[PDB]
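Read in PDB author numbering, the sequence shown has 154 at position 154, and its numbers run on one by one without any break. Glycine is no exception: its CB is placed at the ideal position from the N, C-alpha and C atoms. One structure is given here, and the rest of the page talks about it.
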Amino acid sequence: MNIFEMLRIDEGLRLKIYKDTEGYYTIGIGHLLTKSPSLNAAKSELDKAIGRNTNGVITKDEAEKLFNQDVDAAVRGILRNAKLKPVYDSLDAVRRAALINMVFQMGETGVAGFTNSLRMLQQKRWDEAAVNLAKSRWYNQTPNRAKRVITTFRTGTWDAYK
Ligand SMILES: [Cl-]
Ligand SMILES: [Cl-]
Ligand SMILES: [Kr]
């Protein structure tokens with residue numbers, strides 16, 4: 001298991017524009033296209049991201065490409081954020097993947113806001129962090145996925161994913 005396979009399980013793969021859990025237009029492996037209610041706008045952002053007239057549909061390879069770029073960007077976002085980097089550098093490999101997953105889902109900003117959890121993770125107070133992390137909109141809106149990431153931080157193993 002690794003970050004890619006982990007996110008591929010949590011996000012799935014769809015080759016046609018779809019709406020995510022929040023109703024936003026997305027494609028591929030969780031690649032958000034736009035928060036706008038306009039499908040044309042979505043189609044527009046898609047063609048711009050792929051570089052061709054896709055008509056709302058992409059291939060597997062193109063989806064994989066976007067995903068790679070999105071994972072890369074997520075890590076880079078973490079390393080560039082002053083609230084995040086320190087946590088990330090303090091963690092072991094498995095838990096780092098958990099933090100990247102959260103960022104990929106909710107953005108750097110969103111994650112940087114879990115101040116209290118962040119501190120518990122940094123202190124290696126696993127059970128405590130897990131409990132504070134569950135007290136969130138994130139957990140109540142996508143509880144199965146959230147439980148998987150939370151168990152990951154709690155245990156430091158990939159058991160939630162096997
Ligand atoms: Cl893009
Ligand atoms: Cl879920
Ligand atoms: Kr967090």
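Close-in-space but distant-in-sequence residues of the same chain around residue i (CB under 8 Å, 5 per side omitted)
| i | result |
| --- | --- |
| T21 | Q141 and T142 |
| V71 | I3, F4, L7, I100 and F104 |
Beta-carbon contacts of residue i that lie in its chain and below 7 Å, excluding the five residues immediately before and after
| i | result |
| --- | --- |
| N101 | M6, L7, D10 and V149 |
Simplified DSSP assignment, three categories, for residue i
| i | result |
| --- | --- |
| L7 | helix |
| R52 | coil |
| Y25 | strand |
| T157 | coil |
| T142 | coil |
Cutoff 6 Å; reference residue i; Cβ partners in own chain excluding five residues on either side
| i | result |
| --- | --- |
| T34 | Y25, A41, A42 and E45 |
| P86 | none |
| residue 193 | The displayed coordinates of the chain run from 1 to 162. Any statement about residue 193 would go beyond what the structure contains. |
| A146 | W138 and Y139 |
| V111 | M102 and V103 |
| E108 | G77 and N81 |
Burial state of residue i (16 or more Cβ within 10 Å)
| i | result |
| --- | --- |
| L121 | buried |
| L79 | exposed |
| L118 | buried |
| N53 | exposed |
| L66 | buried |
| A82 | exposed |
| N55 | exposed |
Whether residue i touches residue j by CB criterion (7 Å)
| i | j | result |
| --- | --- | --- |
| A73 | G28 | no |
| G156 | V75 | no |
| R154 | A130 | yes |
Strand pairing of residue i, partner residues [DSSP]
| i | result |
| --- | --- |
| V57 | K16 |
| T34 | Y25 |
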